[PDB]
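Asks: Below you'll find the sequence and an experimental structure to go with it.
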Amino acid sequence: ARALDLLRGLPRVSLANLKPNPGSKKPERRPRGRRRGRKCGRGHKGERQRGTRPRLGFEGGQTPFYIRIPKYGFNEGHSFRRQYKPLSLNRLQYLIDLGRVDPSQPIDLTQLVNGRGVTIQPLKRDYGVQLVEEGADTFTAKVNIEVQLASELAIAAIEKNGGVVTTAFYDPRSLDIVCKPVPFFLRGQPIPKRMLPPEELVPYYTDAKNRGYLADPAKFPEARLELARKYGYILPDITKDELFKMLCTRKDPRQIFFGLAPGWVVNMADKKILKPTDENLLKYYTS
Amino acid sequence: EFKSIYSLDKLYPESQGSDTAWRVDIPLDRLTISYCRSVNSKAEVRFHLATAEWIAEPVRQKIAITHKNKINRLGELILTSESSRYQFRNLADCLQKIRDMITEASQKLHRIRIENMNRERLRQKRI
Amino acid sequence: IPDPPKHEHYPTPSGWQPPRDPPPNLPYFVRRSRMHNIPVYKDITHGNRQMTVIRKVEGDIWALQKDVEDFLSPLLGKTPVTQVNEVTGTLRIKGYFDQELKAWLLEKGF
Amino acid sequence: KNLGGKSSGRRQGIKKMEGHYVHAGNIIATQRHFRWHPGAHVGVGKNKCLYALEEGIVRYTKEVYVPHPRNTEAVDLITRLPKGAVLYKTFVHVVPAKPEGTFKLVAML
Amino acid sequence: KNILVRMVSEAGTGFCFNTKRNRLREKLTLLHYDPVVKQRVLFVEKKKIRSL
Amino acid sequence: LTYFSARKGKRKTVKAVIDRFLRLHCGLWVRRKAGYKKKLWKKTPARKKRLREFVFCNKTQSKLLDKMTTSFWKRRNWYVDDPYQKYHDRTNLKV
RNA sequence: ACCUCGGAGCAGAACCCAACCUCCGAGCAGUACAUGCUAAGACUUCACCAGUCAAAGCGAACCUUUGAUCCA
RNA sequence: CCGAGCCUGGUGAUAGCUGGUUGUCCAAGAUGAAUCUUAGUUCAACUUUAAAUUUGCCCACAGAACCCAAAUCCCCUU
Ligand SMILES: [Mg+2]
Ligand SMILES: [Mg+2]
Ligand SMILES: [Mg+2]
Ligand SMILES: [Mg+2]
Ligand SMILES: [Mg+2]
Ligand SMILES: [Mg+2]
Ligand SMILES: [Mg+2]
Ligand SMILES: [Mg+2]
Ligand SMILES: [Mg+2]
Ligand SMILES: [Mg+2]
Ligand SMILES: [Mg+2]
């Protein structure tokens, strides 16, 4: 570059040559001199020069605007509402295309987070990911994806491309562990059980039309055929697909990770998995 | 593989085979579907009504009568949906319209009525 | 960040396209972002000043500015107003042209 | 001993002078009593405010006033006029600007 | 004076609406449109809400 | 309000605002009209319809509410079936 | 004595204009019980709060002033 | 120095009240509503800065009420 040649010509760069980028350092304004002194920009007498003007929102005694408006339950229970980060099929296809999400293996929340396709904040009442139909008309990826919510159209697109989608619930603790497993493994605790959905969410995850992970698998072919009929595509028989085993793999309802069972301890330091053998512990972790 | 008391096999013992979850009327091959990215897109479904063997003959006749306004000069019924940004939903609407037309075939106008009545009242001259 | 997998056909269903090989012989080069996307970004200030920034430019940023002005004047009808940050190697154009500039840079093969 | 009388003005009067372009529903003039009468494509509210019923140009004209016969007091007032006399009033009209629609080619069946 | 009273639908619906009737006047029975039923039905005065 | 709390040193939220106003993420504040539940028997149907409406706030009112609430209340919330999901963003807005 | 709201003059002709200013009036009634629901576009008491008008549409039919929030 | 002692502490009490508020230089910059409120404050108006894009002021003709003047409003041009 010509800039480096200019450097070669110029004096040595040292700590005596350094200057901040112009425009990055505003001058400091302080109350000395004619223009900034005297009353120092505070006005003349009154509470505003004395520095004691009333609180924010006080209107001089008139009933404040923010108090004369009636209370309404706009934000009632806001902190207990479940939140689901949207994952559009556009974003999913983008991730698959750039190789940040491998469709050759089951796609769950862990894989999405590892590919950085979605950011989950369990502390902010994120209960997982919801599939979003946006980008359905251009989705051309065969994928086995596990999500928490799924729109009918998103399910239709996933299935038309020959893939499988299942809606799986996660309690806040299991969700935290799934999103960031490595910190959990460093906590040194046995992998906990995945709790069941709350009573209100039970019907959703037991319904086959949602591909609920607790729904009767006998009803899945009927629902898939119904979607294929409704949206005018021929349902591909995934059993014939050479990735049928992958498309079928589903973690157990009480399982957080695909190949790890509740109660196991992951010793990452020496690449081992300690498994309890006590009958009571095994019964607990299987229940 | 791990299995808990809530495993699917235990929950629904009747359906336990893996193939049970994946074991599979308008002919989509017979229909001709086109998409126009016209904001909502548009999906057009057109099919030759007369040669629609998948539709009964009386149903074809009743459709050709009731919906003659949607039939091209080539005798092909054309119908479109433009009510969604998703061509999936547009095509779904078109297919549902086809189904509704078949079902109904199986089983402002006030001023027009008045003016036609007046035409018939004026209809008095006989060669 | 993984290198994007080789695809048989481009553009990819999401629309992504790798930079052509060999690189174009233009006086300037626009390096892709670490995500392997074109570094063209919308920007907004004051709630009404809409700008588009071509950020990772190497070489003759002034040649790039001339090319951008030529490409955009017919769209606007007037020569677009721009700022060439020769230091940071960026080009800032008044108005939103992110999609058009992305398509144009793809055509040029960056 | 004189109380009250501190009521503020009602800010009434013409909101759209002649020639002003007016969209449907715009209030043209608010009056306490009928200073201006509704003309063509101009409606009247409960409170005798004039609003545009179509999108167009506001015009003010003077026209002969023939009240609704059910308006008994006005009819009597007319009954007391001499033969040549004709009452007049100021009327507000909206001259509609655009046509109410056009026929477009949709499909070349 | 007048009193605000709660006319309750005689159609069995939980629908009620408030009317104004003179205190000295007899209890009110009135035809009114019931949204749930979607039909005009009788409403009977149940209780006095307030005195106005 | 409290600009620096005595226990955390943080800025506090005026919960009276949270009990009354909905913030749309784009920067708009929605509210109910005052008196919408008061003495409806003496209000005309048009007035009742006007009062039953959800209404936006001024620029200065919105700025005041923004000052009186903290950044937690000004985040994207992806609720399941939020009735205001569509209203959380602006479209076709020129300046 | 007054404190809120409204009408007239001051303030003659878009709007707006004070007072211990000159006068007057009101804290509702009558009516019906679509005097319903929705909704373009507007007005606005110089802020906000509040207050007005309203096409189209749906539904029956074929109206002319007082006060917030919280709390119950 | 007692209509309620003195000292220390809370305490840097509080003060819508008075006083004070320190380099140079340039630039823009002036007269309603509510309020235990009129010695204050909040909103407006004005004002300053930065930004966007496109009309802004002046403005003739035409136009703006019956009852019972000076002027004003409105806007093609310029
Ligand atoms: Mg000075
Ligand atoms: Mg001083
Ligand atoms: Mg002061
Ligand atoms: Mg930025
Ligand atoms: Mg007066
Ligand atoms: Mg106003
Ligand atoms: Mg002593
Ligand atoms: Mg002090
Ligand atoms: Mg100067
Ligand atoms: Mg008070
Ligand atoms: Mg004071």
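Replies: Thanks, I have the structure now. Residues are numbered from 1 along each chain as shown, chains lettered A, B, ... in the order given. Ligands and ions are numbered 1, 2, ... in the order given.
Asks: can you tell me the residue of chain D closest to chain A?
Replies: Closest approach of chain D to chain A (CB to the nearest CB) occurs at residue D:8, with a separation of 17.8 Å. Where you see a C-beta, it was placed from the backbone N, CA and C, and this is true even at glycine.
Asks: Find the closest residue to chain B in chain D.
Replies: Proximity of chain D to chain B (CB to the nearest CB) peaks at residue D:109, 5.9 Å away.
Asks: element containing that residue, please.
Replies: With secondary structure defined by DSSP states H and E, residue D:109 is part of neither a helix nor a strand.
Asks: next one: phi and psi at the residue lying closest to it once chain neighbours are set aside?
Replies: Among residues not flanking residue D:109 along the chain, residue B:72 sits closest, at 5.9 Å (CB to CB, 6 or more residues apart in numbering or on different chains). With angles defined as degrees, to the nearest 10, residue B:72 sits at phi -70, psi 170.
Asks: Provide a list of residues in contact with residue B:72.
Replies: Listed by CB atoms under 8 Å, 6 or more residues apart in numbering or on different chains, the contact set of residue B:72 reads B:46, B:78, D:109.
Asks: now with 10 Å?
Replies: Residue B:72 sits next to B:46, B:48, B:49, B:78, D:107, D:108, D:109 when contact means CB atoms under 10 Å, 6 or more residues apart in numbering or on different chains.
Asks: and if you look at residue D:21?
Replies: Neighbouring residues of residue D:21 by CB under 10 Å, 6+ apart: D:52, D:55, D:56, D:57, D:58, D:94, D:97.
Asks: Select from those residues the one having the most neighbours.
Replies: residue D:94 (28 neighbours; other CB atoms under 10 Å in any protein chain shown).
Asks: Could you double-check that it sits in contact with residue D:27?
Replies: No: counting by CB atoms under 10 Å, residue D:94 sits too far from residue D:27 to count as a contact (12.0 Å).
Asks: joint contacts of the two?
Replies: D:16, D:43, D:50, D:51, D:52.
Asks: how near is the residue of the stretch 51-200 of chain A found nearest RNA strand G to residue F:21?
Replies: Residue nearest to RNA strand G within the stretch 51-200 of chain A: residue A:71 (3.3 Å; CB to the nearest atom of the strand). Noted for residue A:71: a distance of 10 Å to residue F:21, by CB to CB, to the nearest Å.
Asks: Looking at the two, which one has more neighbours?
Replies: More crowded of residue A:71 and residue F:21, by other CB under 10 Å: residue F:21, with 25 against 13.
Asks: For that one, give me phi and psi.
Replies: The phi/psi pair for residue F:21 (degrees, to the nearest 10) reads phi -120, psi 140.
Asks: Identify the residues contacting it.
Replies: Taking CB under 10 Å, 6+ apart, we find residue F:21 in contact with A:65-66, A:69, A:71-72, A:74-75, F:29-32, F:57, F:61-62, F:65, F:68-69, F:73.
Asks: Which of the residues you listed fall within strands?
Replies: F:29, F:30, F:31, F:32 (DSSP state E).
Asks: what's the nearest residue to residue C:71 if we skip its chain neighbours?
Replies: Excluding its sequence neighbours, the residue lying closest to residue C:71 (CB to CB, 6+ apart) is residue C:104, at 5.6 Å.
Asks: picking up where we left off before, pull out the buried members of the contacts of residue F:21.
Replies: A:65-66, A:69, A:72, A:74-75, F:29-32, F:57, F:61-62, F:65, F:68-69, F:73 (16 or more other CB atoms under 10 Å in any protein chain shown).
Asks: The residue of chain D closest to chain B contacts residue B:75, correct?
Replies: No: because the distance of 11.6 Å does not satisfy CB under 10 Å, residue D:109 is recorded as not touching residue B:75.
Asks: Enumerate the residues of chain F near chain D.
Replies: If contacts are counted using CB under 10 Å from any CB of the partner chain, the residues of chain F sitting beside chain D are F:44, F:46.
Asks: Quick one: the helices in chain F, in order.
Replies: Secondary structure of chain F, counting by DSSP state H: helices at F:15-18, F:45-51, F:59-68.
Asks: what's the closest of the ones you listed to residue D:35?
Replies: helix F:45-51 (24.1 Å; CB to CB).
Asks: Off-centre distance for the closest one?
Replies: Counting by CA atoms, centre = their mean, to the nearest Å, helix F:45-51 is centred 21 Å from the centre of its parent chain.
Asks: Pick out the residue closest to the middle of the chain.
Replies: With no chain named, the answer covers chain A. Compute the mean C-alpha point of chain A, and by CA atoms, centre = their mean the closest residue is residue A:120, 2.4 Å away.
Asks: meant chain D actually
Replies: When CA atoms, centre = their mean is applied to chain D, the residue found nearest the centroid is residue D:38 (2.3 Å).
Asks: Looking at chain F, what residue ends up closest to RNA strand H?
Replies: Counting by CB to the nearest atom of the strand, chain F gets nearest to RNA strand H through residue F:60 (3.7 Å).
Asks: got the residues of chain C near RNA strand H?
Replies: Within chain C, the positions near RNA strand H by CB under 7 Å from any atom of the strand are C:45, C:46, C:48, C:49, C:94, C:95.
Asks: Could you count how many residues lie near residue 39?
Replies: No chain was given, so I picked chain A. If you count neighbours by other CB under 10 Å, residue A:39 ends up with 11.
Asks: not quite, I wanted chain F
Replies: The local packing of residue F:39 (other CB under 10 Å) involves 10 other residues.
Asks: what's the answer for residue B:91, then?
Replies: Residue crowding around residue B:91 was assessed by other CB under 10 Å; the count is 24.
Asks: dump the residue contacts of it.
Replies: Neighbour list for residue B:91: A:137, A:230-233, B:28, B:31, B:33, B:35, B:43-45, B:81, B:84 [criterion: CB under 10 Å, 6+ apart].
Asks: and the gap between residue A:168 and residue A:194?
Replies: On the measure of CB to CB, residue A:168 and residue A:194 end up 9 Å apart.
Asks: so what sits against both of those two?
Replies: Between them, residue A:168 and residue A:194 share the neighbouring residues A:174, A:178, A:213, A:251, A:253, A:255, with contact defined by CB under 10 Å, 6+ apart.
Asks: where's stretch C:87-100 relative to the chain centroid, distance-wise?
Replies: Taking CA atoms, centre = their mean, one finds the center of stretch C:87-100 at 7 Å from the center of the full chain.
Asks: At which residues are the strands of the chain located?
Replies: Just going to use chain A. Under the criterion DSSP E, strands of chain A are mapped to A:83-88, A:126-132, A:144-147, A:149-150, A:164-167, A:265-267, A:272-274.
Asks: Please refer instead to chain E.
Replies: According to DSSP E, chain E carries its strands in the segments E:2-9, E:16-22, E:29-34, E:39-51.
Asks: repeat for chain C
Replies: Listed in chain order, the strands of chain C (DSSP E) span residues C:28-30, C:40-45, C:49-54, C:57-59, C:82-85, C:90-94.
Asks: just so I know, which of those strands lies nearest residue A:22?
Replies: Nearest to residue A:22 among those is strand C:82-85 (12.0 Å), distances taken as CB to CB.
Asks: helices or strands next to that closest one in the packing?
Replies: strand C:49-54, helix C:61-76, strand C:90-94 (3 or more CB pairs under 10 Å, 6 or more residues apart in numbering or on different chains; DSSP states H and E).
Asks: In a markdown table, list the ones you listed along with mean neighbour count.
Replies: Written out in a markdown table, the entries for those read as follows (neighbours: other CB atoms under 10 Å in any protein chain shown):
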| stretch | mean neighbour count |
| --- | --- |
| strand C:49-54 | 20 |
| helix C:61-76 | 16 |
| strand C:90-94 | 20 |
